[PDB]
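Chains as they are written, first to last, in the authors' numbering: chain M, 28 to 122; chain S, 27 to 122; chain K, 12 to 119; chain R, 12 to 119; chain E, 22 to 56; chain Q, 16 to 102; chain J, 20 to 102; chain T, 1 to 76; chain O, 37 to 135. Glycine included, every Cβ here is placed at the ideal spot set by N, Cα and C.
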Amino acid sequence: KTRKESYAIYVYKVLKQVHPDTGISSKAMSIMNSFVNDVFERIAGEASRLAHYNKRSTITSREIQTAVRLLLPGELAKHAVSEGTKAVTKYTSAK
Amino acid sequence: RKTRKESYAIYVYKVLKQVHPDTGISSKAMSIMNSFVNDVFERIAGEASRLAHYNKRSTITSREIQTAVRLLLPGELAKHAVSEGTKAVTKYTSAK
Amino acid sequence: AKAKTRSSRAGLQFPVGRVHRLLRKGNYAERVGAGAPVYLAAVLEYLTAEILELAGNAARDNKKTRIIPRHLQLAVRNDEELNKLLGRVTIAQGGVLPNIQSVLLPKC
Amino acid sequence: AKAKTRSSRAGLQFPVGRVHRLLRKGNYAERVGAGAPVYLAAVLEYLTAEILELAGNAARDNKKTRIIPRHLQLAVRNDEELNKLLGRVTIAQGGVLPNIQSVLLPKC
Amino acid sequence: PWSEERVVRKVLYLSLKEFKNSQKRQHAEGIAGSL
Amino acid sequence: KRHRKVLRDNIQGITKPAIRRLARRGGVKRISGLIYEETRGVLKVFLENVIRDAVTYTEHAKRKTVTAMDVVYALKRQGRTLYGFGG
Amino acid sequence: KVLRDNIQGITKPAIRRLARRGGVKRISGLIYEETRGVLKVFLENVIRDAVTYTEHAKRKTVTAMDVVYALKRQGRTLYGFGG
Amino acid sequence: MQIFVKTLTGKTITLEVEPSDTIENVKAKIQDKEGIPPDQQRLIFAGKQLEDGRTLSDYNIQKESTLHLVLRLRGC
Amino acid sequence: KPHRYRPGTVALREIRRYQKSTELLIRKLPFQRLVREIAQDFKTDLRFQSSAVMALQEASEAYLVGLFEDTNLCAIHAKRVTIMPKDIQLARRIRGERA
C-alpha cells in the first residue's frame with residue numbers, strides 16, 4: 028500500500044509520440060524519472076530567489092522565463108522559451 | 027535621508043573589543059565581515075531546510091541545526107561550536 | 012459540470028495539477044501565480060521529449076528493440092549543448108564513450 | 012512589567028530578535044521552533060570571534076592599529092580548516108600568500 | 022608587423038599532432054523544434 | 016558469539032588485476048608498479064568522506080539501517096549527483 | 020594612433036605583471052594571445068547574466084549587486100562589494 | 001575567384017574557389033587535384049594557419065593572393 | 037616456434053574490449069567487507085540495505101575511471117607512456133581535491 032507518485036506514465040506517453048514502436052527497460056525508466064525530479068527543483072529554487080530579490084511575493088511566468096534563460100545553455104534556451112510562450116498564450120485564450 | 031538599511035556592524039564591533047580591546051577596524055573590513063556573516067547564516071539555514079523536508083516534519087528545531095552544522099564545518103570547528111551552542115542553550119532554558 | 016484537465020486546456024501531457032500542488036508545498040514562495048505551472052510543465056515536456064528522441068535513434072543504430080542505460084549515456088555524451096547541462100551527473104550502468112588517444116597507436 | 016532582551020537571557024552579543032525574524036521571512040520552513048535562533052546566533056558569535064583574533068594578531072605583527080583586508084586574507088589562508096571553509100571565496104583587495112617554487116631559485 | 026615567418030619556423034620545430042572538434046550538431050538546433 | 020568480527024586489512028581485498036581492469040577502461044597503455052598503493056589510499060579517503068555523512072543522516076533520523084536515499088543525498092551534497100537509485 | 024579595439028588595451032607588460040604575482044619566471048612569446056582570448060570568454064560568461072538580471076528587474080543600469088549575484092552563480096563568490 | 005597555393009616543394013597551384021568556400025573544401029580540392037589528403041595539409045596566409053570551418057570571405061582574402069601550404073601529418 | 041605477441045599489444049585489445057561493456061569491475065564481497073570495515077569507527081553496530089552498497093560501488097568506480105583518464109593526459113604531457121604517482125598527485129591537486 029502507501030501509494031507513491033511518479034512520472035512513468037507521462038514519460039511513456041511522450042515516448043510513443045516519437046518512436047511509437049520502441050520499448051523501454053525498467054531502470055531506464057527510473058533514471059528518466061530522477062532526471063525530471065532534478066531539473067524541476069534546479070529551476071524552482073532559482074526562481075524563488077529571483078523573486079525574493081526584488082521583494083515580490085508571487086511567482087509568475089515572467090521569472091520562470093528568465094530563470095530558464097539562465098540555466099539552459101544557448102540554443103535549447105532559444106527553443107524552450109518559444110515553446111513556453113506559445114503553449115501558454117493558447118491556454119489563456121481557452122480556459 | 028530615509029529608508030534605513032541594516033547591518034551587523036554594531037555586533038562585530040562589540041565582540042571585537044572583547045578580544046583585542048585596543049584595536050581598530052577599517053570600513054572595508056567591516057563590510058567584508060558583514061557579507062561573510064550573511065553568507066554563513068544562509069548556508070546553515072538552507073541546509074536545515076532540506077533536512078526537515080526529507081523527514082517531512084514541518085518545524086525547524088534546535089536538533090536540526092545541530093546536525094546541519096556537522097555537515098558544514100570541517101572537523102575541529104564543528105566539535106567546538108556544537109559544544110558552544112549546547113551550552114548557550116542550556117543557560118537560556120533555565121534563565122528565562 | 013463535465014470538468015476538463017488543465018493539461019488539455021493547455022494541450023499537453025504533464026500533470027499540471029500535480030505540479031501546481033508541488034510548488035505550493037515546497038516553500039518556494041508565498042503565493043503562486045496561475046500561469047507558472049503551465050509554463051514549467053511545457054518546458055519539462057519539451058526537454059524529456061528531446062532526450063528520448065535522441066536515445067531512440069541511438070539504440071536503433073545498435074539494432075535493438077528497447078532502451079537501456081548504455082544508450083542514454085551514449086546519447087547524452089555526444090550532444091554538447093546537453094552535455095554541459097549534465098556536467099556533474101553520473102548514470103549508473105553507463106560505461107564510457109569509446110575513445111583512445113592518438114599517440115598510443117602503432118606506427119601504422 | 013519591565014522587559015529585557017533575549018540575548019541578555021542568553022548572555023550573548025548577537026541580536027536574537029533579528030535572527031528569528033529573518034528565519035520567518037525566509038521561507039526556510041513553515042514554523043520556526045524556539046531554541047533554534049538561540050543556537051544559531053551562538054555559532055555565528057563563535058565563528059566571528061575566531062576569525063577576528065586570528066586577524067588581529069597578524070595585523071599587530073605589522074605595526075598597525077586597525078585591521079585591513081590584506082590582514083584577513085593572510086588570516087584565513089593560514090589555518091587550513093578556515094581555509095577549507097572558504098575554499099572558493101575571493102576577498103577583495105586581498106593580495107596573495109607569498110610563495111615561490113624551489114626550482115626557480117638559483118642553484119645555491 | 023605579423024611574424025608569419027617566426028610562426029612558420031615554430032610550425033617546423035614543434036610539429037606535433039593537434040586535436041579539435043569534428044561534427045556539426047545543427048540537428049539539435051533543428052529537428053528539435055519539429056520534435 | 017553474536018557479531019562484531021572486526022576484520023582488518025581489507026584494503027588488500029583490492030587485487031592488482033582489478034585495478035588493471037579499471038585503468039584499462041580508462042585508456043592507459045603502460046603502467047608502473049607503485050600505483051597499487053596510491054589508489055589503495057586515494058579510494059579510501061574518498062570512501063571515508065561519503066560514509067561519514069551517510070551515517071550522519073540516518074543518525075539524525077535515528078534508525079540503525081542505512082538506506083540508499085541516504086547515500087544519494089550524501090553524494091549530492093558534494094556535487095556528485097547520481098541518477099538511477101530512486102532520487 | 021587611436022584605432023584600438025579595446026581587447027588590444029591589455030598591454031603585454033600588464034600581462035607580465037599578473038604573471039609575476041602568480042609566480043612565473045620565464046614566459047614564451049605567444050601567451051600574449053591566449054590570455055587575450057581567455058579573458059574575453061570569461062567576461063561574456065558573466066556580463067550576460069548581469070544583463071539578464073537588470074532586464075528582469077526592468078531597470079536600465081547595471082547595479083553592483085547584480086554582478087555580485089552573477090558571480091555567485093558560476094561558483095565564484097566575492098566578498099566586500101556589498102551583498 | 002582564383003588563388004595561388006605555394007607549397008614547400010616549389011609548386012604553386014591554382015584552384016577554383018569562392019570566398020564562401022571553406023578551408024575543408026579547399027583542402028578537398030587540393031586532394032582532388034593533387035591526391036594530397038586533407039588531413040595532412042595546413043594552409044597559411046595573413047600570418048595565421050587557416051581554419052577549416054571558416055570560409056575564404058571570413059579571412060578577407062583578395063584575388064591573386066598567394067597562400068602557403070605545409071604538409072603536417074597527424075596520426076601514424 | 038611457439039607464437040608470442042608483440043610486447044604491449046594485448047593491451048590495445050584489452051582497451052577496445054572493456055571500453056564497450058558496462059558491468060562492474062570489482063567483485064562484491066570484498067568490497068562490501070571493506071565498507072562494513074570502515075563503517076564501524078563512526079557508529080559501530082550498523083546494518084545496510086543491499087542496493088546501498090551497490091550505489092557506493094557505482095560511484096567509487098565512476099570516480100576512479102575519470103581520475104585515471106586525466107592522469108593519462110598528464111603522463112603524455114611529459115612524453116612518457118607509463119604513469120607514475122607523481123602524475124596522479126598532480127591532477128589530484130590541480131582539480132583542487134587535495135588542495
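If you draw a straight line from the alpha carbon of residue i to that of residue j, how long is it in whole angstroms?
i	j	result
residue 49 of chain R	residue 83 of chain J	33 Å
residue 69 of chain O	residue 25 of chain Q	7 Å
residue 65 of chain M	residue 105 of chain K	19 Å
residue 41 of chain O	residue 56 of chain K	54 Å
residue 105 of chain S	residue 90 of chain S	16 Å
residue 44 of chain T	residue 44 of chain J	32 Å
residue 45 of chain O	residue 120 of chain O	21 Å
residue 40 of chain K	residue 48 of chain M	42 Å
residue 37 of chain S	residue 95 of chain R	25 Å
residue 68 of chain S	residue 26 of chain T	58 Å
residue 21 of chain T	residue 52 of chain T	10 Å
residue 114 of chain K	residue 54 of chain O	19 Å
residue 36 of chain T	residue 48 of chain T	21 Å
residue 82 of chain R	residue 66 of chain R	6 Å
residue 34 of chain R	residue 34 of chain J	46 Å
residue 73 of chain M	residue 60 of chain T	45 Å
residue 55 of chain T	residue 98 of chain O	41 Å
residue 135 of chain O	residue 29 of chain S	45 Å
residue 92 of chain Q	residue 81 of chain S	17 Å
residue 56 of chain S	residue 81 of chain O	49 Å
My assumption, with CB atoms under 8 Å, is that residue i sits in contact with residue j. Please give the rounded CB distance.
i	j	result
residue 48 of chain Q	residue 108 of chain O	The Cβ separation is near 17 Å, so there is no contact.
residue 119 of chain S	residue 44 of chain R	At roughly 13 Å, the Cβ-Cβ gap does not stay under 8 Å, so residue 119 of chain S and residue 44 of chain R are not in contact.
residue 19 of chain K	residue 25 of chain K	Residue 19 of chain K to residue 25 of chain K, Cβ: 12 Å. No contact.
residue 50 of chain T	residue 3 of chain T	Not confirmed; about 11 Å, so no contact.
residue 89 of chain J	residue 69 of chain J	5 Å
Do residue i and residue j have their C-beta atoms within less than 9 Å of each other?
i	j	result
residue 21 of chain K	residue 69 of chain K	no
residue 100 of chain Q	residue 61 of chain M	yes
residue 37 of chain Q	residue 104 of chain O	yes
residue 19 of chain T	residue 57 of chain T	yes
residue 107 of chain K	residue 40 of chain Q	yes
residue 63 of chain R	residue 98 of chain S	no
residue 89 of chain O	residue 64 of chain O	yes
residue 60 of chain Q	residue 91 of chain O	no
residue 22 of chain Q	residue 133 of chain O	no
residue 32 of chain E	residue 70 of chain T	yes
residue 65 of chain Q	residue 73 of chain Q	no
residue 86 of chain K	residue 97 of chain Q	no
residue 128 of chain O	residue 111 of chain K	no
residue 31 of chain J	residue 51 of chain J	yes
residue 123 of chain M	residue 93 of chain M	As displayed, chain M neither begins before 28 nor continues past 122, which places residue 123 of chain M out of reach and without an answer.
residue 71 of chain J	residue 96 of chain M	yes
residue 71 of chain M	residue 51 of chain K	yes
residue 28 of chain T	residue 25 of chain E	no
residue 88 of chain M	residue 46 of chain K	yes
Mapping the DSSP letters down to three states, classify residue i as helix, strand or coil.
i	result
residue 50 of chain S	strand
residue 26 of chain T	helix
residue 129 of chain O	helix
residue 42 of chain O	coil
residue 68 of chain T	strand
residue 96 of chain Q	coil
residue 36 of chain R	coil
residue 16 of chain T	strand
residue 122 of chain O	helix
residue 83 of chain K	helix
residue 44 of chain S	coil
residue 27 of chain J	helix
residue 55 of chain O	coil
residue 68 of chain O	helix
residue 70 of chain J	helix
Just list the alpha helix (DSSP H) runs in the stretch 89-121 of chain S, keeping only unbroken ones of 4 residues or longer that don't cross its boundaries, in chain order.
Here the runs fully enclosed are 102-120.
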